[PDB]
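# Sequence first, structure after, both from an experimental entry:
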Amino acid sequence: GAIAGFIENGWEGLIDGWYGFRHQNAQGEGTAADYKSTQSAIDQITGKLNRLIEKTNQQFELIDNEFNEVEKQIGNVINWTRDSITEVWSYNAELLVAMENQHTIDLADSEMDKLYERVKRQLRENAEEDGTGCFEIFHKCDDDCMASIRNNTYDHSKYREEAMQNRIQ
Amino acid sequence: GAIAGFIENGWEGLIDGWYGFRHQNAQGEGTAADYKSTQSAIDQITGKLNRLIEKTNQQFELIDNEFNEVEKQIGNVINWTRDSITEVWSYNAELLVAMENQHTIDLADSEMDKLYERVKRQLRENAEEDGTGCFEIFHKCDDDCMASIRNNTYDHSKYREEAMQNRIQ
Amino acid sequence: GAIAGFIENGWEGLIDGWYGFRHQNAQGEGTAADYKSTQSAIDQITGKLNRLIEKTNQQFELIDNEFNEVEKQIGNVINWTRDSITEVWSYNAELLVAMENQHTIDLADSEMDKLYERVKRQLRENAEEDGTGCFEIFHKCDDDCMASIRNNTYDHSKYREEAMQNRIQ
Amino acid sequence: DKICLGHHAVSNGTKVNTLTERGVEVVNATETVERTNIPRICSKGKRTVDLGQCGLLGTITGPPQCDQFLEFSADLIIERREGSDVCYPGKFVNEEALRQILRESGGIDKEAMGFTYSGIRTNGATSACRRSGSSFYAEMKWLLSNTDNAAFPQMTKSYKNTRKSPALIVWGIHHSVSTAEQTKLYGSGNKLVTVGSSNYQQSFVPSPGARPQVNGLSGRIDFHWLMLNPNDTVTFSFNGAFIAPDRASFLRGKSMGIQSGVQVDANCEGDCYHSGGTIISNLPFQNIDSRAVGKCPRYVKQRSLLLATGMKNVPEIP
Amino acid sequence: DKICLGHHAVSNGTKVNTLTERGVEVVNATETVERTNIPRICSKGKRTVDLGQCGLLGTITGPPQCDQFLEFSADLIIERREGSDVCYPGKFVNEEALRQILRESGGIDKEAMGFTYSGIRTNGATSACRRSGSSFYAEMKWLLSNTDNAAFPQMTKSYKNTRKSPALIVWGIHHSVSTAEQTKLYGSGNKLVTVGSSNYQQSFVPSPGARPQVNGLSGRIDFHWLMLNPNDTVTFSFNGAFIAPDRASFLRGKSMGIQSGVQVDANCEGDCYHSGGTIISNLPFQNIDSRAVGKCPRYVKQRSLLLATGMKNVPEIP
Amino acid sequence: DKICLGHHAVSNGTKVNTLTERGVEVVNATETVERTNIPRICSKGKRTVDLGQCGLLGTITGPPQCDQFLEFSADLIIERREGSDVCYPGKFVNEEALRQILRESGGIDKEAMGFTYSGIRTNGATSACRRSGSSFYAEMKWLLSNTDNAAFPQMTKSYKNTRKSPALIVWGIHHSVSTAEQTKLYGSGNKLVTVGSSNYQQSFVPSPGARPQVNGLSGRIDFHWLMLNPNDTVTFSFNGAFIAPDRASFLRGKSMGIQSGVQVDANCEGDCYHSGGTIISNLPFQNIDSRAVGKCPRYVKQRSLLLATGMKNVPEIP
Ligand SMILES: CC(=O)N[C@@H]1[C@@H](O[C@@H]2O[C@H](CO)[C@@H](O[C@@H]3O[C@H](CO)[C@H](O)[C@H](O[C@]4(C(=O)O)C[C@H](O)[C@@H](NC(C)=O)[C@H]([C@H](O)[C@H](O)CO)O4)[C@H]3O)[C@H](O)[C@H]2NC(C)=O)[C@@H](O)[C@@H](CO)O[C@H]1O
Ligand SMILES: CC(=O)N[C@@H]1[C@@H](O[C@@H]2O[C@H](CO)[C@@H](O[C@@H]3O[C@H](CO)[C@H](O)[C@H](O[C@]4(C(=O)O)C[C@H](O)[C@@H](NC(C)=O)[C@H]([C@H](O)[C@H](O)CO)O4)[C@H]3O)[C@H](O)[C@H]2NC(C)=O)[C@@H](O)[C@@H](CO)O[C@H]1O
Ligand SMILES: CC(=O)N[C@@H]1[C@@H](O[C@@H]2O[C@H](CO)[C@@H](O[C@@H]3O[C@H](CO)[C@H](O)[C@H](O[C@]4(C(=O)O)C[C@H](O)[C@@H](NC(C)=O)[C@H]([C@H](O)[C@H](O)CO)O4)[C@H]3O)[C@H](O)[C@H]2NC(C)=O)[C@@H](O)[C@@H](CO)O[C@H]1O
Ligand SMILES: *[C@@H]1O[C@H](CO)[C@@H](O[C@@H]2O[C@H](CO)[C@@H](O)[C@H](O)[C@H]2NC(C)=O)[C@H](O)[C@H]1NC(C)=O
Ligand SMILES: *[C@@H]1O[C@H](CO)[C@@H](O[C@@H]2O[C@H](CO)[C@@H](O)[C@H](O)[C@H]2NC(C)=O)[C@H](O)[C@H]1NC(C)=O
Ligand SMILES: *[C@@H]1O[C@H](CO)[C@@H](O[C@@H]2O[C@H](CO)[C@@H](O)[C@H](O)[C@H]2NC(C)=O)[C@H](O)[C@H]1NC(C)=O
Ligand SMILES: *[C@@H]1O[C@H](CO)[C@@H](O)[C@H](O)[C@H]1NC(C)=O
Ligand SMILES: *[C@@H]1O[C@H](CO)[C@@H](O)[C@H](O)[C@H]1NC(C)=O
Ligand SMILES: *[C@@H]1O[C@H](CO)[C@@H](O)[C@H](O)[C@H]1NC(C)=O
Ligand SMILES: *[C@@H]1O[C@H](CO)[C@@H](O)[C@H](O)[C@H]1NC(C)=O
Ligand SMILES: *[C@@H]1O[C@H](CO)[C@@H](O)[C@H](O)[C@H]1NC(C)=O
Ligand SMILES: *[C@@H]1O[C@H](CO)[C@@H](O)[C@H](O)[C@H]1NC(C)=O
C-alpha cells in the first residue's frame, strides 16, 4: 500500500491539475494539485497555440486555370514552382511540430523537477528522498502539516529537532 | 536586512558580470561576479551572433522592371513567386529568432544552476540551502574564507568539525 | 592514483558503453558501462537518423535545357526561382543540423545527470559528493556491493549505521 | 509520514512525433493541418457575382450569356466551368493575363468610344449569337462592305482615354471560312488592320480557311486587347475583317476571382477559397487544395501533424 | 571506497556546428550532404532508350537518325548532346514545351491520318535526309506542284481523333532560299496555310530568303504542333510550302526524361539523375547538381554538414 | 554567515519573443531586421555609369541621348526613369530579356559589320533624332529607295562573327504612317525582310497605318535582336522598310544593373541596391525593398525581430 511520485509512473487520479502532491500520514492518504506549477505549464502551452494561430495578411490569387489549362511551358514552370514551395512548407510544418513537441515535453519535465526541487528545499534536513519522487518525512506530519508544505508555509525550524533525532538514530 | 540569490529576483547591483556571489559575514556584506560562468554565457551568445552574421555569396539580379512594367502573365508569375518566397523567409526569420531566444534564456538559466550546484559541492556538509539561492554556512567564514569559495580553493575538510557540530545541535 | 567521473573529463577506456561506472575499493579499481542510460541515448540518436532518412515521394522533372538553352526571359525567371529555393534549402539544412546537434549534445548531458542523480538517490545518506562526479562511500563496499549499485539492488538500510557513524565522526 | 510529487496521466493517450521519437504518447494533442472543408462559397460580407454560363472575358465583348454583367460590380467573382467567353466561335489572345486582370477589377464600367461609320454596314449578325433573333456581341460592331463583294473603304478610328484610370479596349479579327466569304463580306484584295497607341504597336491580317464547325460555324473571331493609359489615344486603321468595339471598359476597384463547382452561401463568412468550397480555419496548414486562394493556411503534403498540448503520458504502476 | 559516474570519450574526435559553437568536438558524426556520384545512368528495372543521335522531337517527324524510335516505348528517356531533331535544317516552334511532354509520354504510338492527294507531287526529298538515297522525314510528306513552276491547287485536309487520348499532330512550313525557288516548287503568288481545330486557330505564311547554309542547305523547315482532343478534328487549308503529316502520335503512358553525357548501366538501380550520372543516397541533401531530376535529396550550397551521432567529446585528464 | 548565488538584472529591460511567451523581458537584445537605408548608390570600388536620359537598349542603337555610351564599360550600371531607348518612336521586341543581358554585360564593344550599298539612299534621318540637325540612330542606317516612289532593289547582306564571344545584332522594321508614305520611301508592292542564322529564323513585314503622334511622329520603328554564336553568320534579305545595323555589339565581361532615383556616391562602399539607395548591413534580414538586388539580406515582412543577447530579466525584490 505504498505511494510513489514521478520517476516510473504518473497519476491517473490527479484530475484537477497537471502537477500535484500525494501524501500519507496517520490521517490516511490524500492527493492535491499544485496551482503555480500547473498554471506555468498551461500558460506556456497556450502560448505556443496563440503563436501558431497568428494569421497571415498575405493574399494570393489564381496564377493558372483548371478549366482552361494554360500554355504548357509556363504551366510546367508554375507547377514546378508550386510543388517546390509545397515541399518547403511540408518540411517546415513537419519540423515545426517535431521541434515544438520536443520542447513541450521537456518544459513539462522541467516543471516537475522544479516542483520536486522546491519541496526539497522546504523540508531542509527534516526529510530524505526515497528515489521514487517522494520524501520520507522524519517527523509527525498531519494533514495541517502536509497542507503547510503545499502552500509553502512550512517552517522546517519547527520540526528540525524531532527530525534530526529520528534520522541519526 | 537579509540577502537573497536567484529564485525570485536578480541583482541590479551586479554590474561587472552576469553571474555572481553575494555574501554576508562579520565583515559585512559584499558582492562579486564569477568569471567562468559569465564568460561561458557570453561566448555562447556571441557565438550565435557570428552565426547570424555569416553572409551569403548568392547574388541576385533584376527579374522585372519598375519603370517599364513587364508582361502581365509573366509579371504575375514573378510576383506570385516572390511573395511566396517572402512568406517563407518571414516565417523562417520569425521562427529562428523565437527558437534562438528560447535557447538563449534556457542556456542562461542553465549556467545559473551550474554555478549554484558547483558551490553546493564545494561546501559539502558544511552548509544548507535556504531556498532562495543562498547557502547558510554553519561555521565562521570571513572575507578570506568567502574569497576561497569564489576561486574554488575552499577545503571543506578544514571546517567540517565546526560545521557538523553547529548543524546537529 | 585517484579516480574521477564527469565534470572535467571523459573516459577513453570506457569502450563498451556511452555511460558507465568507475569504482575503487580494497579489491582495486574497476570500470563498467550502464546499459539503460547508454541505450536511451543511442535510441534517441538513431531516432533522429531515421527521421532524416524519410525520403520524399515528390518527383521533379526538367524545366529547362542544358543542351539547347531556353528563351532568356523565362530562363532567367527559372534560374532566379531555383537559386532562391537553393538558398532556402541551404538555410534549412544549415539550421536543421545546428539545431539537432545542439539537442544531441544536451540530451547526452541530460542522460549523464540522470544517471548521477539516480545513484545519489540509491546511496541515500551513506555517501557524499566529491565534486568530480564521484561518491565517497562511507562504508566498506566490495565488488559485490559495487555491483549491487550498478543493477539498482543496493539497499541503503543495510549500511546506514556504519555510514552515518563514519560521516559524523 | 510521506509526501510525493507527481504529474497527471491518462489511459486515453495520443501519439505525436518529436525530433527523436516517433509515436511518443502525450496527455493531449491538437491538429495543425486543416482537412475540414465547407462545400460552399461563403460570401457573407462580400458582393458576389456568379457568372454561370457567362465567361469572364465575355463580360467585355458581350455575348448573350453576359448581358447581365456588361457593367457588373463585385468583391468576389466566381467563374463556372459551363461559362463561355464566346458566341461566335473564337478566342482571346493572351486570355489568361486578361482574366487575372478582371478577377481583381472589382467589376467593369463601360463607356462609349464614339465611333461613327459611313459607306459601310455595321449590322453584322450571326445565328450563334441568338438574342431573340440573330445578333452579335453586345459591345462590338461587325463591319461589312455594304451590299456584297463591294470594296471596304480604308478607315481610321481613334479614341482618347479622358479618364484617370487605364481603359480596357478589345477588338476582333474575323477569319472567314474561305477567301470567297472574306471577299463577299469585305471585298477583294488583301486586308490589313493596324492598332497604334503610345506604348503599343501591333498588326493583324485575316486568315481565311476551312475550320471545324463550332456552334455550326467554321469561321473564327480572335479578340485582341490592350490597356490604354490616361490621356493616351488608340488608333485603328483597317479595311475589312475588323470587329470594332463600341464601348471601352474601366476597372471599378478591387476584387478576387475564383473558379468553383459548388453553390454559394451568403450566410457563411470566409476568406480562403478553392473549387471545392471554403476553408475556414485558425490552423497554420491545410491539406485540401494546393491552389487554394485568398487568405489561407499554407498547403502541406501531410494530412495530419499533431501538436502536443500536454505533457508526455506515463501510465501509473498498477 | 568510491564510485564515479562517467561517459566515454575519444582522441579521435570530429568537429560539428551548433547554434552557439563552431567546431565543437563530438564523439561521432555522419554526413548529411551527399557528394558521392555514380557516373552512370542506373537503369535496372526501368525500360530505357538512348536516343543518341536522334533528337527527342525527331521521333515524331522522323529523320533517318530516329528511324528506330518512331514508335518507341520507355520508362526512362535519355537525350544526348549529339542528338538532332532535324535532317533538313529547321526548328520546332515551342520546342521545349513539346520536349517536356514527350519526356513523360512513356513513348509514342503512331497512327495514319489518311491523307490522299491528287494533281500534286508528294515525293519531295533532299540530300540532307539521306536514307540510302535522297529522302525526307519519315512521318511527313513534302508536297510540290507537279512539274515545275506549276500552280499548287488549294487543298483542304481534315483529321478526327477517334481515340480517347489527345493526338500529337505536327506540320511544317517550308521557307525556300528565294522567291524563285518557292515558285519553282509551289507556283507563283502568295502562299497561305491555315490550321483549324476546336480550341486552336493559327495561320502561316512562308518566308523565302537567303540564309546561312546548314547541311549544305539555305532553306528552312519550321515545324508546328498541337494536341488534338478526343473526337475533335483538325483541318489543314493550304496552297503550297506545306509539310504535311502522314501519321499522328499518341502518348503511351508515363516516363521521365533526362539529358546525360555518361553511359548507361542496367545493373545499378537508381531514381535520381543528372547529366553526370546517378545519385543513390538516403541522405537528405546533395551538392552534386541543382538541376538533378527524379526522386532526389534537396540540393544545397554546402558540401558538408556533419550531424553529431555521439555526445560532446571531453578528453580524459592525463 | 551566508553566501548567495545570483545573476545581474536591469530596470532597462527589453521585450522579445520566444516559442512560448510574447514580450518576455531580457537584459539585452539586438535587431536582426535592417531598416536603415542609405539614400545613395554607394559605388566606391565599382566602375559606375549613370545612363541618365539614355535608355540601356539605346546604347546599342544609338540615339543622341546615348552617344557617350556607345562603347561604355562598367561594373555597375544605373538606369534612370527619364531614360529612353528611342528617338524615332518605337520599341524593342523582347526588350526585357535584352535589358537583363546588358545589365550584366560589363559594357559593350562595338565592331563594324561592313555593309555596302548601291542604288539606294542610306542617309535616312528624322526630326526626332536631332543631332545638330536632323539625324538618325548612330549605329543604324535608314535605307530608302533613291529619289521618291522608286522601287527598292532586293538586297542580301550577311555578316560572320569572327570572334570568340557571341555578337549582339539589332535591326529595325519601319512602319510608315500610310501605304502612301511607305511607297514614297521604298516603292510600291508588298515588302519582306527575312533574317537567317544557324539557330535563328524569323520573318518581318511592315505595317503601314495611322498611329498617335509620339515626338511629333506617327510612324514606328520596332527593333529586333539576336545573339550570333562565334563563326556563325547572319543573313539579311530585304526590299524596303528595313533599318540596317552598322556595327555589332560584344559584351565586355561582367556587371550588375539597377534602377534608381537617387544620387551616386563614390565614397560609400556597398553591395546591395534598390531604387531608394544602398543597404549596408551585417544583419540577416531587411524590410526595405523586396526587389533589392546584389548581395543582400533576405527580405521579410516584419520591421523588427529582436534577438535576445542577454538572459531573462528578473527585477530585484525591493
Ligand atoms: C464550310 C463547310 O463545312 N463546307 C460545306 C458544308 O457545310 C456548310 O458550309 C456553309 C458555309 O460555311 C455553312 O453556312 C453557314 O451556316 C451557318 C449555320 O450552320 C450560318 O447559317 C451561316 O450564315 C450566317 C449566320 O447566320 O451566322 C449568316 C449571317 O448573316 C452572316 N453574317 C455576316 C455578317 O455575314 C454569317 C457569316 O456569313 C459567317 O458566319 C462568317 O463566317 O453567317 C452560314 O454561312 C453551312 O452551315 C454548312 N453546313 C453544314 C451541314 O455543314 C456543306 O455545305 C457541304 C455539302 O456537301 O459543302 C461544303 O462545302
Ligand atoms: C543560296 C546560295 O548559297 N547562293 C548561291 C551559291 O550557293 C549555291 O546555292 C544553291 C541554291 O540554293 C545550292 O543548291 C542546293 O544545293 C544543295 C546541296 O548543297 C542541294 O543539291 C539542293 O538540291 C535539292 C536537294 O538535294 O536537297 C534537290 C531536291 O530534289 C530538292 N527537293 C525538292 C522537293 O525540291 C531540294 C530543294 O530544291 C531545296 O532543298 C529547297 O530549299 O534541294 C540545291 O537546291 C548550292 O548547293 C549552293 N552551292 C554552294 C557551293 O554554296 C553559289 O551557287 C554561288 C556561286 O557564286 O551563287 C549563289 O547564288
Ligand atoms: C498623320 C496625321 O497626323 N495626319 C495629318 C495631320 O498631321 C500631320 O501628318 C503629317 C504626315 O504624317 C506629319 O508630317 C510629319 O511631320 C514630322 C514633324 O511632326 C516630320 O516633319 C516628318 O518629316 C520627316 C522628319 O523630319 O522626320 C522628314 C524626314 O526627312 C523623313 N525621313 C525619311 C527617311 O523619309 C521622315 C519620314 O518621312 C517619316 O518620319 C517616316 O514615318 O519624316 C513628317 O513626315 C505632320 O507633322 C502632321 N502634323 C500635325 C500637326 O499633326 C495633319 O496634317 C492633318 C491636317 O488636317 O491632316 C492629317 O492627314
Ligand atoms: C486538449 O487540447 C485541446 C486543444 O488545445 C483543448 O481544447 C481547447 O480547449 C480550450 C478551452 O476549453 C479552447 O479555448 C480551445 O479552443 C480548444 N481547442 C480545440 C481544438 O478544441 C482541450 O481542452 C485539451 N484537453 C484537455 C483535457 O485539457
Ligand atoms: C558513427 O556514426 C555512424 C553513423 O551513424 C555509425 O555508422 C553506422 O553504423 C550502424 C550500425 O553499425 C549502421 O546501421 C549505419 O548504417 C552506419 N552508418 C554509416 C553512415 O556508416 C557508426 O557506428 C558510429 N561510430 C561508432 C563508434 O558508433
Ligand atoms: C547589448 O547587445 C548589443 C548587441 O550584441 C551589444 O552591442 C555590441 O557590443 C559589442 C562589443 O561592445 C560589439 O562588438 C557589437 O558590434 C555591438 N553590437 C551592436 C549592435 O551595437 C551591447 O554591448 C549589449 N549591451 C550590454 C550592456 O552588454
Ligand atoms: C499543373 O498541375 C496540374 C495538377 O497536377 C495538372 O493537371 C496540370 O496539367 C499541370 N500543368 C501543366 C502545364 O501540365
Ligand atoms: C508586381 O508587384 C508590383 C508591386 O506590388 C506591382 O506594382 C506590379 O503591378 C506587379 N506585377 C504585375 C504584372 O501586376
Ligand atoms: C541558368 O543557369 C545556368 C547555370 O548557371 C546558366 O548556364 C544559364 O545561362 C542560365 N539561364 C539563362 C537564361 O541565362
Ligand atoms: C493630354 O494629351 C494632350 C494631347 O492629346 C497633350 O497635349 C497633353 O500634354 C496631355 N496631358 C495633359 C495633362 O493634358
Ligand atoms: C463526336 O463528334 C461528333 C461530330 O464529329 C459529334 O456529333 C459528337 O457529339 C461527338 N461526341 C461523341 C461522343 O460522339
Ligand atoms: C567556321 O566557319 C566555316 C564556314 O564559315 C566552317 O567551314 C568552319 O568549320 C567553322 N569553324 C572553324 C573552326 O573554322
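Cool, the structure landed. Numbering: from 1, shown residues only, chains lettered A, B, ... in the order given. Ligands and ions are numbered 1, 2, ... in the order given.
# How about residue D:151: what's its closest non-neighbour residue?
residue D:187 (4.0 Å; CB to CB, 6 or more residues apart in numbering or on different chains). C-beta here means a position set from N, CA and C on the backbone, and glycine is covered the same way.
# Quick check, that neighbour in contact with residue D:147.
No: in this structure, residue D:187 is not within contact of residue D:147 by CB atoms under 8 Å, at 10.1 Å.
# Which positions in stretch A:17-27 come out as buried?
For stretch A:17-27, burial by neighbour count (16 or more other CB atoms under 10 Å in any protein chain shown) applies to A:17-25.
# And those residues, which two are furthest apart?
A:18 and A:25 (24.2 Å; CB to CB).
# got the contact list for whatever residue of chain A ends up closest to ligand 3?
Proximity of chain A to ligand 3 (CB to the nearest ligand atom) peaks at residue A:71, 35.4 Å away. By CB atoms under 8 Å, 6 or more residues apart in numbering or on different chains, the contact set of residue A:71 is residue E:97.
# how about 10 Å then?
By CB atoms under 10 Å, 6 or more residues apart in numbering or on different chains, residue A:71 lies in contact with A:64, A:77-78, B:73, D:96, E:94, E:97.
# same deal with residue A:73?
Per CB under 10 Å, 6+ apart, neighbours of residue A:73: C:63, C:70-71, C:74, E:94-100.
# Residue A:144 too?
Contacts of residue A:144 by CB under 10 Å, 6+ apart are residue A:27.
# Got the phi and psi for it?
phi -70, psi -40 (degrees, to the nearest 10).
# and what of residue D:224?
Dihedral angles (degrees, to the nearest 10) for residue D:224: phi -130, psi 150.
# thinking again about what came up before, pull out the buried residues from the contacts of residue A:73.
With burial judged by 16+ other CB under 10 Å, the buried subset of these is C:63, C:70, C:74, E:95-100.
# Mark which of the residues you listed are part of strands, please.
Among the buried ones among the contacts of residue A:73, no residue falls in strands (DSSP state E).
# ok, so of the residues you listed, who is nearest chain F?
residue C:74 (8.8 Å; CB to the nearest CB).
# That closest one reaches residue C:64, doesn't it?
Yes: using CB atoms under 10 Å, residue C:74 is in contact with residue C:64, at 8.5 Å.
# close to chain F, is stretch D:228-240?
Yes: residues of stretch D:228-240 contacting chain F under CB under 10 Å from any CB of the partner chain: D:232-239.
# Please, where are all the strands along chain A?
A:19-25, A:28-33, A:127-129, A:134-137.
# Residues in contact with the second one: which ones?
Strand A:28-33 is contacted by residues A:1, A:3, A:11, A:13-24, A:143, A:146-147, A:150, D:2-4, D:6-8 when judged by CB under 10 Å, 6+ apart.
# in chain A, which residue is closest to the centre?
residue A:108 (2.3 Å; CA atoms, centre = their mean).
# which residues sit in contact with that residue?
A:18-19, A:40-41, A:44-45, D:7, D:26-27, D:308, D:310-312.
# Spatially nearest residue to the residue nearest in space to the middle of chain D, not counting backbone neighbours?
Nearest to the mean C-alpha position of chain D, by CA atoms, centre = their mean, lies residue D:99 at 3.8 Å. Distances taken as CB to CB, 6+ apart place residue D:56 nearest to residue D:99, at 5.5 Å, with adjacent residues excluded.
# tilt between the longest helix along chain A and helix C:72-123?
Taking DSSP state H as the criterion, chain A has its longest helix at helix A:72-123. Angle between the axes of helix A:72-123 and helix C:72-123 is 20 degrees (criterion: axes from the mean of the first three to the mean of the last three CA atoms, to 10 degrees).
# any residue of helix A:72-123 up close to ligand 8?
No: Helix A:72-123 lies out of reach of ligand 8 by CB under 6 Å from any ligand atom, never closer than 13.5 Å.
# Next, the angle from that helix to strand A:19-25.
30 degrees.
# now stretch D:24-38: how far from the chain's centre is it?
36 Å (CA atoms, centre = their mean, to the nearest Å).
# and the end-to-end length of that stretch?
32 Å (CA to CA, to the nearest Å).
# Next one: that stretch, is it in contact with chain B?
No: Stretch D:24-38 stays clear of chain B (CB under 10 Å from any CB), getting no nearer than 13.9 Å.
# For that stretch, buried residues please.
By 16+ other CB under 10 Å, the buried positions in stretch D:24-38 come out as D:24-29, D:32-34, D:37-38.
# Which of these sits closest to residue A:55?
Ranked by distance to residue A:55 (CB to CB), the buried residues of stretch D:24-38 are led by residue D:34 at 12.5 Å.
# Now do the phi/psi pair for the closest one.
phi -70, psi 130.
# so it makes contact with residue D:282?
Yes: at 8.8 Å, residue D:34 and residue D:282 qualify as touching, with contact defined as CB under 10 Å.
# what's the closest non-adjacent residue to residue A:16?
Residue A:16 sits nearest to residue A:33 (CB to CB, 6+ apart), 5.0 Å away.
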